$ cat run_26.cif   # mmCIF, C-alpha atoms and all ligand atoms
data_run
loop_
_atom_site.label_atom_id
_atom_site.label_comp_id
_atom_site.auth_asym_id
_atom_site.auth_seq_id
_atom_site.Cartn_x
_atom_site.Cartn_y
_atom_site.Cartn_z
CA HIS A 3 12.28 19.80 -5.75
CA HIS A 4 9.69 17.53 -4.09
CA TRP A 5 10.43 13.76 -3.97
CA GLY A 6 9.45 11.38 -6.75
CA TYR A 7 10.42 8.16 -8.53
CA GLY A 8 12.53 9.63 -11.33
CA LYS A 9 16.30 9.46 -11.78
CA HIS A 10 16.84 12.77 -10.02
CA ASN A 11 14.43 12.57 -7.07
CA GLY A 12 13.85 8.84 -6.76
CA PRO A 13 14.25 6.42 -3.80
CA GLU A 14 18.06 6.59 -3.88
CA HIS A 15 17.83 10.34 -3.16
CA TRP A 16 15.19 10.30 -0.38
CA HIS A 17 17.71 9.94 2.45
CA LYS A 18 19.00 13.47 1.85
CA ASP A 19 15.74 15.05 3.00
CA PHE A 20 14.45 12.12 5.06
CA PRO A 21 17.38 10.63 7.05
CA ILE A 22 14.99 7.96 8.34
CA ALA A 23 15.34 6.35 4.88
CA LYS A 24 18.43 4.53 6.19
CA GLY A 25 16.61 3.58 9.37
CA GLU A 26 16.27 0.29 11.26
CA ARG A 27 12.75 -0.77 10.28
CA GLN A 28 12.30 0.50 6.74
CA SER A 29 9.93 -0.98 4.18
CA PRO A 30 9.43 -2.70 1.86
CA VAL A 31 11.51 -5.82 2.34
CA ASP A 32 11.99 -9.12 0.56
CA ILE A 33 10.01 -11.92 2.20
CA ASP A 34 12.24 -15.01 2.28
CA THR A 35 9.58 -17.70 2.78
CA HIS A 36 12.17 -20.20 4.07
CA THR A 37 13.36 -18.04 6.97
CA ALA A 38 9.97 -16.58 7.97
CA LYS A 39 8.89 -17.92 11.38
CA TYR A 40 5.53 -19.68 11.49
CA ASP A 41 4.00 -18.22 14.66
CA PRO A 42 1.19 -20.38 16.18
CA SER A 43 0.17 -17.49 18.44
CA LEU A 44 -0.79 -15.19 15.55
CA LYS A 45 -4.57 -14.87 15.51
CA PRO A 46 -6.62 -14.75 12.29
CA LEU A 47 -7.22 -11.33 10.75
CA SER A 48 -10.61 -9.77 11.25
CA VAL A 49 -11.53 -7.56 8.29
CA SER A 50 -14.89 -5.84 8.83
CA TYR A 51 -15.50 -3.66 5.79
CA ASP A 52 -19.28 -4.03 5.58
CA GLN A 53 -19.96 -0.43 6.63
CA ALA A 54 -17.13 1.11 4.56
CA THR A 55 -17.88 4.56 3.17
CA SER A 56 -15.65 5.57 0.29
CA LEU A 57 -15.71 9.30 -0.48
CA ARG A 58 -13.39 10.20 -3.32
CA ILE A 59 -10.46 9.23 -5.43
CA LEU A 60 -7.58 11.56 -6.12
CA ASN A 61 -4.37 11.67 -8.07
CA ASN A 62 -1.77 13.12 -5.71
CA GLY A 63 1.27 12.72 -7.97
CA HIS A 64 3.07 9.54 -6.76
CA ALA A 65 -0.21 7.45 -6.98
CA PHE A 66 -4.02 7.48 -6.73
CA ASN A 67 -5.76 7.20 -3.35
CA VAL A 68 -9.33 6.17 -2.67
CA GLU A 69 -10.30 7.86 0.60
CA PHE A 70 -12.78 6.62 3.16
CA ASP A 71 -14.77 8.25 5.91
CA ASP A 72 -12.89 7.29 9.07
CA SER A 73 -14.88 9.49 11.47
CA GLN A 74 -16.28 6.32 13.05
CA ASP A 75 -15.47 2.62 13.30
CA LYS A 76 -17.07 1.89 9.88
CA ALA A 77 -14.35 -0.15 8.18
CA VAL A 78 -11.86 -1.72 10.57
CA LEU A 79 -9.09 -4.29 10.87
CA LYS A 80 -8.42 -6.19 14.09
CA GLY A 81 -6.83 -9.51 14.88
CA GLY A 82 -3.64 -10.90 13.44
CA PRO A 83 -0.62 -9.36 15.25
CA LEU A 84 -2.68 -6.24 16.00
CA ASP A 85 -3.63 -4.78 19.31
CA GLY A 86 -6.67 -2.57 19.22
CA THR A 87 -8.88 -1.36 16.41
CA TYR A 88 -7.49 0.10 13.18
CA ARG A 89 -9.68 2.23 10.90
CA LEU A 90 -9.32 2.18 7.16
CA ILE A 91 -8.46 5.65 5.92
CA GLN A 92 -7.36 5.03 2.28
CA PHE A 93 -6.05 2.50 -0.26
CA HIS A 94 -3.62 3.01 -3.17
CA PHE A 95 -1.44 0.94 -5.49
CA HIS A 96 2.16 0.79 -6.64
CA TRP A 97 2.75 -0.57 -10.13
CA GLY A 98 5.34 -0.92 -12.85
CA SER A 99 5.95 -0.09 -16.48
CA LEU A 100 6.13 -3.82 -17.24
CA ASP A 101 4.22 -6.81 -15.81
CA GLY A 102 7.37 -8.19 -14.19
CA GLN A 103 7.75 -5.31 -11.79
CA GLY A 104 5.56 -3.07 -9.72
CA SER A 105 5.28 -4.54 -6.25
CA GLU A 106 7.25 -3.10 -3.35
CA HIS A 107 7.47 -6.29 -1.33
CA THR A 108 8.94 -9.27 -3.11
CA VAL A 109 8.49 -12.94 -2.21
CA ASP A 110 11.74 -14.92 -2.57
CA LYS A 111 12.97 -12.06 -4.80
CA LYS A 112 9.90 -12.38 -7.02
CA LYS A 113 8.24 -9.08 -8.04
CA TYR A 114 4.55 -8.87 -8.90
CA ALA A 115 2.83 -6.50 -11.33
CA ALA A 116 1.53 -4.22 -8.60
CA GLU A 117 0.78 -3.98 -4.92
CA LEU A 118 -2.37 -2.76 -3.16
CA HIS A 119 -1.98 -1.00 0.18
CA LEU A 120 -5.01 -0.69 2.49
CA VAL A 121 -3.91 1.85 5.12
CA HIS A 122 -5.47 1.77 8.59
CA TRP A 123 -4.68 3.78 11.74
CA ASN A 124 -4.85 2.76 15.40
CA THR A 125 -7.97 4.33 16.96
CA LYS A 127 -6.39 4.68 20.41
CA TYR A 128 -4.48 7.67 19.04
CA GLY A 129 -7.52 9.76 18.13
CA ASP A 130 -6.37 10.95 14.70
CA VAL A 131 -3.96 9.82 11.94
CA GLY A 132 -1.57 12.64 12.66
CA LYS A 133 -0.95 11.31 16.17
CA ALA A 134 -0.85 7.69 15.04
CA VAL A 135 2.07 8.26 12.64
CA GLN A 136 4.15 9.38 15.63
CA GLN A 137 3.74 5.94 17.27
CA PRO A 138 5.55 2.61 16.67
CA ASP A 139 2.19 0.84 16.30
CA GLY A 140 0.20 3.72 14.83
CA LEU A 141 -0.51 2.21 11.39
CA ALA A 142 -1.36 -1.18 9.93
CA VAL A 143 -1.12 -1.63 6.18
CA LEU A 144 -2.65 -4.64 4.46
CA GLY A 145 -0.55 -5.41 1.39
CA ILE A 146 -1.97 -7.43 -1.49
CA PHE A 147 -0.03 -8.48 -4.57
CA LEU A 148 -1.57 -8.13 -8.05
CA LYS A 149 -0.70 -10.71 -10.69
CA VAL A 150 -1.62 -10.30 -14.37
CA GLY A 151 -4.15 -12.89 -15.53
CA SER A 152 -7.93 -12.77 -15.34
CA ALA A 153 -9.75 -9.49 -14.74
CA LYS A 154 -10.81 -8.60 -11.18
CA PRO A 155 -14.46 -7.36 -11.44
CA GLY A 156 -14.24 -5.51 -8.13
CA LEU A 157 -11.37 -3.40 -9.47
CA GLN A 158 -13.23 -2.26 -12.60
CA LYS A 159 -15.04 0.69 -10.94
CA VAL A 160 -11.62 2.05 -9.99
CA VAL A 161 -10.30 1.56 -13.53
CA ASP A 162 -13.30 3.32 -15.15
CA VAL A 163 -12.77 6.54 -13.17
CA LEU A 164 -9.01 6.99 -13.76
CA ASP A 165 -9.73 9.09 -16.87
CA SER A 166 -11.14 11.90 -14.75
CA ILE A 167 -8.11 12.04 -12.45
CA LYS A 168 -5.41 11.73 -15.07
CA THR A 169 -3.22 14.51 -13.67
CA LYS A 170 -1.85 15.60 -10.27
CA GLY A 171 -4.37 17.34 -8.05
CA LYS A 172 -7.45 15.96 -9.79
CA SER A 173 -10.07 14.23 -7.68
CA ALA A 174 -13.48 12.75 -8.37
CA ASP A 175 -16.37 11.74 -6.14
CA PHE A 176 -16.05 8.04 -5.46
CA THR A 177 -18.86 6.85 -3.25
CA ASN A 178 -20.27 3.43 -2.57
CA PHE A 179 -17.15 1.46 -3.50
CA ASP A 180 -16.88 -1.86 -1.63
CA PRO A 181 -13.26 -2.68 -0.63
CA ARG A 182 -14.19 -6.32 -0.06
CA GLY A 183 -14.10 -6.82 -3.82
CA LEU A 184 -10.30 -6.47 -3.72
CA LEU A 185 -9.63 -9.30 -1.29
CA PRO A 186 -8.14 -12.73 -2.14
CA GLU A 187 -10.00 -15.80 -0.83
CA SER A 188 -7.41 -16.59 1.82
CA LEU A 189 -6.26 -14.22 4.53
CA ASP A 190 -3.02 -16.08 5.38
CA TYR A 191 -0.27 -13.52 5.82
CA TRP A 192 3.26 -12.58 6.79
CA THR A 193 3.89 -9.74 9.25
CA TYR A 194 6.79 -7.61 10.36
CA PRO A 195 7.33 -4.11 11.89
CA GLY A 196 8.19 -1.56 9.23
CA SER A 197 7.61 1.89 7.78
CA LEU A 198 5.72 4.00 5.23
CA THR A 199 7.32 3.23 1.84
CA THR A 200 7.14 6.86 0.75
CA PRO A 201 8.44 10.01 2.46
CA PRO A 202 8.26 10.84 5.30
CA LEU A 203 9.10 7.10 5.70
CA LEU A 204 7.96 7.04 9.35
CA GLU A 205 8.58 3.75 11.15
CA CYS A 206 5.05 3.43 12.47
CA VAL A 207 3.74 0.49 10.48
CA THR A 208 2.79 -3.06 11.27
CA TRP A 209 2.86 -4.68 7.87
CA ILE A 210 0.43 -7.44 7.03
CA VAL A 211 1.22 -8.92 3.60
CA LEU A 212 -1.23 -11.51 2.25
CA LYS A 213 0.16 -14.74 0.83
CA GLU A 214 -2.40 -15.03 -1.97
CA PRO A 215 -2.28 -12.45 -4.77
CA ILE A 216 -5.31 -11.25 -6.66
CA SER A 217 -5.37 -11.41 -10.46
CA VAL A 218 -6.07 -8.42 -12.69
CA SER A 219 -6.25 -8.37 -16.47
CA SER A 220 -3.57 -6.87 -18.66
CA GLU A 221 -6.13 -4.23 -19.78
CA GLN A 222 -6.81 -3.25 -16.15
CA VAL A 223 -3.11 -2.77 -15.34
CA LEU A 224 -2.67 -0.84 -18.60
CA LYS A 225 -5.11 1.83 -17.42
CA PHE A 226 -3.03 2.46 -14.26
CA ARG A 227 -0.09 3.15 -16.58
CA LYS A 228 -1.98 5.90 -18.42
CA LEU A 229 -2.08 8.17 -15.34
CA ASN A 230 0.25 11.17 -15.06
CA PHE A 231 2.73 12.19 -12.35
CA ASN A 232 2.44 15.77 -13.63
CA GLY A 233 -0.41 18.25 -13.20
CA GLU A 234 -2.39 19.64 -16.15
CA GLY A 235 -0.46 21.95 -18.47
CA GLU A 236 2.88 20.41 -17.50
CA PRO A 237 5.02 17.99 -19.58
CA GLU A 238 3.56 14.47 -19.55
CA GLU A 239 5.36 11.93 -17.33
CA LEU A 240 3.54 8.60 -17.22
CA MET A 241 2.85 7.41 -13.69
CA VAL A 242 4.65 4.07 -13.69
CA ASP A 243 7.20 2.39 -11.48
CA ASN A 244 6.01 4.27 -8.37
CA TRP A 245 7.61 1.67 -6.09
CA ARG A 246 10.48 1.63 -3.61
CA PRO A 247 13.12 -1.14 -3.83
CA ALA A 248 13.34 -3.70 -1.02
CA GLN A 249 15.26 -2.47 2.06
CA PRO A 250 17.59 -4.44 4.41
CA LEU A 251 15.74 -6.54 6.98
CA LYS A 252 18.31 -5.66 9.71
CA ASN A 253 17.32 -7.07 13.13
CA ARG A 254 13.76 -8.06 12.18
CA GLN A 255 11.85 -11.28 11.97
CA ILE A 256 9.12 -11.94 9.45
CA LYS A 257 6.43 -14.07 11.06
CA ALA A 258 3.94 -16.20 9.12
CA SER A 259 0.38 -17.01 10.15
CA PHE A 260 0.61 -20.31 8.23
CA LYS A 261 2.86 -23.37 8.02
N1 LIG B 301 2.76 2.95 0.53
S1 LIG B 301 2.42 2.95 2.16
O1 LIG B 301 1.29 2.11 2.55
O2 LIG B 301 3.56 2.70 3.04
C1 LIG B 301 1.86 4.56 2.68
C2 LIG B 301 0.63 4.75 3.33
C3 LIG B 301 0.20 6.03 3.72
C4 LIG B 301 0.98 7.13 3.47
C5 LIG B 301 0.53 8.51 3.88
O3 LIG B 301 -0.55 8.67 4.44
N2 LIG B 301 1.35 9.58 3.62
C6 LIG B 301 1.16 11.00 3.92
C7 LIG B 301 1.65 11.45 5.19
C8 LIG B 301 2.12 10.47 6.13
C9 LIG B 301 2.62 10.91 7.43
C10 LIG B 301 2.64 12.32 7.74
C11 LIG B 301 2.17 13.30 6.82
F1 LIG B 301 2.19 14.18 7.06
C12 LIG B 301 1.67 12.87 5.54
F2 LIG B 301 1.31 13.65 4.82
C13 LIG B 301 2.22 6.97 2.83
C14 LIG B 301 2.69 5.70 2.42
HG HG B 302 6.11 6.23 14.46
ZN ZN B 303 1.76 2.11 -0.72
#
$ encode --input "run_26.cif" --output "structure tokens" --more "lines below"
Ligand SMILES: NS(=O)(=O)c1ccc(C(=O)NCc2cccc(F)c2F)cc1
Ligand SMILES: [Hg+2]
Ligand SMILES: [Zn+2]
Amino acid sequence: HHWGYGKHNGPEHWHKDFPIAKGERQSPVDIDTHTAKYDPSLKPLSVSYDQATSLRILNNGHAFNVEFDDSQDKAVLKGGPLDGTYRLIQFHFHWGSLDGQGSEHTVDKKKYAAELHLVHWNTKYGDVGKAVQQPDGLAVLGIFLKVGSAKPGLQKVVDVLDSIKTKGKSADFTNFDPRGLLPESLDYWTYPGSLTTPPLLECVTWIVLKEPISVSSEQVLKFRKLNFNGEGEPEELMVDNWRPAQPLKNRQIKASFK
């Protein structure tokens, strides 16, 4: 019926309902570090999340989103390859059933345990709905998660997963600081792409950070205990909610570092 990540409604089937799946600037892609162009004109990212107002966390089937109040320029992203101000609307993760898979983007074919996506929308468009209809409507900050030492800033997220085990569940999630999920360095790669889930709109400027953050095995394990299904339905563990790398086509991956 609806799309998913299973054998019968997974990524290989999406093109039937969303023709854009075989488009020209689809994501994710493999970042070949030896062919990525170091661009001296790329400016440093400006991540201002000091006034971020998280509101709730919900399991929407597919993944879990932490939503933010984007009624005003509270948490924004500017700089880098971006033009204008982009407001943070939500963040979510993609992870695997095993530590050796989970990320959507790969670096030199290397997959990480998971990938964090901080989704922002261009303010010049007034609302997210309009922004998705534009080639530069969204900017997603992608951060790789590697299994190692626990990330303290991620623990609040992990503790609440129990209350949103199944599809449709949500819980109040206020006062969460997104800054706790950032690596030390903001060096990044960038390329024009798309949403990695249906509708797969090609409205995204991807900003993938070079430095991954580390999370403990216990932290990643809790992600894996979530359910794709809603209460009262057969249990399907929410794992491997990632889309395989797509062809780069006529695109150039630029790097903010040499
Ligand atoms: N993993 S990712 O960062 O690429 C990604 C980010 C956001 C969304 C999203 O907001 N989807 C819902 C959505 C999007 C467009 C139009 C809609 F109607 C809608 F519901 C999907 C994928
Ligand atoms: Hg678009
Ligand atoms: Zn995502």
$ closest_residue --input "run_26.cif" --among "A:164, A:131, A:211, A:251" --to "ligand LIG 301 (chain B)" --atoms "only C-alpha atoms and all ligand atoms"
A:131
$ residues_near_ligand --input "run_26.cif" --ligand "ligand HG 302 (chain B)" --cutoff "12 Å" --atoms "all atoms listed in the file" --output "compact mmCIF listing (two decimals) with C-alpha atoms, in the coordinates of the input"
# COMPACT_ATOMS: atom_id res chain seq x y z
CA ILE A 22 14.99 7.96 8.34
CA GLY A 25 16.61 3.58 9.37
CA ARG A 27 12.75 -0.77 10.28
CA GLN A 28 12.30 0.50 6.74
CA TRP A 123 -4.68 3.78 11.74
CA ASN A 124 -4.85 2.76 15.40
CA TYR A 128 -4.48 7.67 19.04
CA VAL A 131 -3.96 9.82 11.94
CA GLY A 132 -1.57 12.64 12.66
CA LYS A 133 -0.95 11.31 16.17
CA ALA A 134 -0.85 7.69 15.04
CA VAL A 135 2.07 8.26 12.64
CA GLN A 136 4.15 9.38 15.63
CA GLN A 137 3.74 5.94 17.27
CA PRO A 138 5.55 2.61 16.67
CA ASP A 139 2.19 0.84 16.30
CA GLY A 140 0.20 3.72 14.83
CA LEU A 141 -0.51 2.21 11.39
CA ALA A 142 -1.36 -1.18 9.93
CA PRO A 195 7.33 -4.11 11.89
CA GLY A 196 8.19 -1.56 9.23
CA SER A 197 7.61 1.89 7.78
CA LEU A 198 5.72 4.00 5.23
CA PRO A 202 8.26 10.84 5.30
CA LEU A 203 9.10 7.10 5.70
CA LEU A 204 7.96 7.04 9.35
CA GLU A 205 8.58 3.75 11.15
CA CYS A 206 5.05 3.43 12.47
CA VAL A 207 3.74 0.49 10.48
CA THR A 208 2.79 -3.06 11.27
$ closest_residue --input "run_26.cif" --among "A:240, A:47, A:77, A:38" --to "residue 180 in chain A" --atoms "only C-alpha atoms"
A:77
$ closest_residue --input "run_26.cif" --among "A:29, A:152, A:220, A:158" --to "ligand LIG 301 (chain B)" --atoms "all atoms listed in the file"
A:29
$ closest_atom_pairs --input "run_26.cif" --of "chain A" --to "ligand ZN 303 (chain B)" --cutoff "12 Å" --atoms "all atoms listed in the file" --output "CSV"
residue,atom,partner,partner_atom,distance
A:29,CA,B:ZN303,ZN,10.0
A:30,CA,B:ZN303,ZN,9.4
A:64,CA,B:ZN303,ZN,9.7
A:65,CA,B:ZN303,ZN,8.5
A:66,CA,B:ZN303,ZN,9.9
A:67,CA,B:ZN303,ZN,9.5
A:68,CA,B:ZN303,ZN,12.0
A:92,CA,B:ZN303,ZN,10.0
A:93,CA,B:ZN303,ZN,7.8
A:94,CA,B:ZN303,ZN,6.0
A:95,CA,B:ZN303,ZN,5.9
A:96,CA,B:ZN303,ZN,6.1
A:97,CA,B:ZN303,ZN,9.8
A:104,CA,B:ZN303,ZN,11.1
A:105,CA,B:ZN303,ZN,9.3
A:106,CA,B:ZN303,ZN,8.0
A:107,CA,B:ZN303,ZN,10.2
A:116,CA,B:ZN303,ZN,10.1
A:117,CA,B:ZN303,ZN,7.5
A:118,CA,B:ZN303,ZN,6.8
A:119,CA,B:ZN303,ZN,4.9
A:120,CA,B:ZN303,ZN,8.0
A:121,CA,B:ZN303,ZN,8.1
A:122,CA,B:ZN303,ZN,11.8
A:142,CA,B:ZN303,ZN,11.6
A:143,CA,B:ZN303,ZN,8.4
A:144,CA,B:ZN303,ZN,9.6
A:145,CA,B:ZN303,ZN,8.1
A:146,CA,B:ZN303,ZN,10.3
A:147,CA,B:ZN303,ZN,11.4
A:197,CA,B:ZN303,ZN,10.3
A:198,CA,B:ZN303,ZN,7.4
A:199,CA,B:ZN303,ZN,6.2
A:200,CA,B:ZN303,ZN,7.3
A:201,CA,B:ZN303,ZN,10.8
A:203,CA,B:ZN303,ZN,11.0
A:207,CA,B:ZN303,ZN,11.5
A:209,CA,B:ZN303,ZN,11.0
A:211,CA,B:ZN303,ZN,11.9
A:244,CA,B:ZN303,ZN,9.0
A:245,CA,B:ZN303,ZN,8.0
A:246,CA,B:ZN303,ZN,9.2
$ atom_distance --input "run_26.cif" --atom1 "CA of residue 51 in chain A" --atom2 "CA of residue 181 in chain A"
6.9 Å
$ axis_aligned_box --input "run_26.cif" --around "ligand LIG 301 (chain B)" --padding-each-side "5 Å" --output "AutoDock Vina command-line options"
--center_x 1.5 --center_y 8.1 --center_z 4.1 --size_x 14.1 --size_y 22.1 --size_z 17.2
$ closest_residue --input "run_26.cif" --among "A:236, A:31, A:39, A:219" --to "ligand LIG 301 (chain B)" --atoms "all atoms listed in the file"
A:31
$ build_atoms --input "run_26.cif" --residues "range 227-249 of chain A" --atoms "N, CA, C and O atoms" --output "compact mmCIF listing (two decimals), in the frame of the given file"
# COMPACT_ATOMS: atom_id res chain seq x y z
N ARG A 227 -1.24 2.60 -15.87
CA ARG A 227 -0.09 3.15 -16.58
C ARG A 227 -0.35 4.38 -17.43
O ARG A 227 0.60 5.00 -17.91
N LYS A 228 -1.63 4.72 -17.63
CA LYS A 228 -1.98 5.90 -18.42
C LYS A 228 -2.14 7.16 -17.58
O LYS A 228 -2.37 8.25 -18.12
N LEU A 229 -1.99 7.03 -16.26
CA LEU A 229 -2.08 8.17 -15.34
C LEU A 229 -0.84 9.04 -15.46
O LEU A 229 0.20 8.59 -15.93
N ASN A 230 -0.90 10.27 -14.96
CA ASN A 230 0.25 11.17 -15.06
C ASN A 230 0.78 11.62 -13.70
O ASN A 230 0.01 11.89 -12.79
N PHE A 231 2.10 11.71 -13.58
CA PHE A 231 2.73 12.19 -12.35
C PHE A 231 2.52 13.71 -12.29
O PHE A 231 2.37 14.30 -11.23
N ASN A 232 2.58 14.33 -13.47
CA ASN A 232 2.44 15.77 -13.63
C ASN A 232 1.00 16.29 -13.50
O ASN A 232 0.04 15.53 -13.59
N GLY A 233 0.88 17.60 -13.29
CA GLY A 233 -0.41 18.25 -13.20
C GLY A 233 -0.74 18.76 -14.61
O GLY A 233 0.14 18.77 -15.48
N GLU A 234 -1.98 19.16 -14.83
CA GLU A 234 -2.39 19.64 -16.15
C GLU A 234 -1.50 20.79 -16.61
O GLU A 234 -0.99 21.55 -15.79
N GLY A 235 -1.28 20.88 -17.92
CA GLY A 235 -0.46 21.95 -18.47
C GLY A 235 1.04 21.77 -18.32
O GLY A 235 1.81 22.64 -18.73
N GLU A 236 1.46 20.68 -17.67
CA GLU A 236 2.88 20.41 -17.50
C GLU A 236 3.25 19.27 -18.47
O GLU A 236 2.37 18.65 -19.08
N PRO A 237 4.56 19.06 -18.69
CA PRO A 237 5.02 17.99 -19.58
C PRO A 237 4.58 16.63 -19.03
O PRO A 237 4.72 16.35 -17.84
N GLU A 238 4.06 15.79 -19.92
CA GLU A 238 3.56 14.47 -19.55
C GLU A 238 4.62 13.45 -19.12
O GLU A 238 5.52 13.13 -19.88
N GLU A 239 4.49 12.95 -17.89
CA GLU A 239 5.36 11.93 -17.33
C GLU A 239 4.40 10.83 -16.89
O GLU A 239 3.57 11.03 -15.99
N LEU A 240 4.44 9.68 -17.56
CA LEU A 240 3.54 8.60 -17.22
C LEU A 240 3.79 8.12 -15.81
O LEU A 240 4.94 7.99 -15.38
N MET A 241 2.72 7.88 -15.06
CA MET A 241 2.85 7.41 -13.69
C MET A 241 3.05 5.90 -13.73
O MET A 241 2.09 5.13 -13.83
N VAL A 242 4.30 5.49 -13.69
CA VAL A 242 4.65 4.07 -13.69
C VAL A 242 5.87 3.90 -12.80
O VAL A 242 6.59 4.86 -12.51
N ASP A 243 6.08 2.68 -12.34
CA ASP A 243 7.20 2.39 -11.48
C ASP A 243 7.24 3.28 -10.23
O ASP A 243 8.30 3.78 -9.84
N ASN A 244 6.08 3.46 -9.59
CA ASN A 244 6.01 4.27 -8.37
C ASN A 244 6.22 3.35 -7.16
O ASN A 244 5.42 3.32 -6.23
N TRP A 245 7.32 2.61 -7.17
CA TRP A 245 7.61 1.67 -6.09
C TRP A 245 9.02 1.85 -5.55
O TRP A 245 9.92 2.31 -6.26
N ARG A 246 9.19 1.53 -4.27
CA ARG A 246 10.48 1.63 -3.61
C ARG A 246 11.10 0.24 -3.56
O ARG A 246 10.42 -0.74 -3.30
N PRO A 247 12.41 0.15 -3.86
CA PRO A 247 13.12 -1.14 -3.83
C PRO A 247 13.15 -1.71 -2.41
O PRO A 247 13.09 -0.97 -1.43
N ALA A 248 13.27 -3.03 -2.30
CA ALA A 248 13.34 -3.70 -1.02
C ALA A 248 14.51 -3.16 -0.17
O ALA A 248 15.61 -2.90 -0.68
N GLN A 249 14.27 -2.99 1.12
CA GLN A 249 15.26 -2.47 2.06
C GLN A 249 15.81 -3.61 2.92
O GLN A 249 15.20 -4.67 3.02
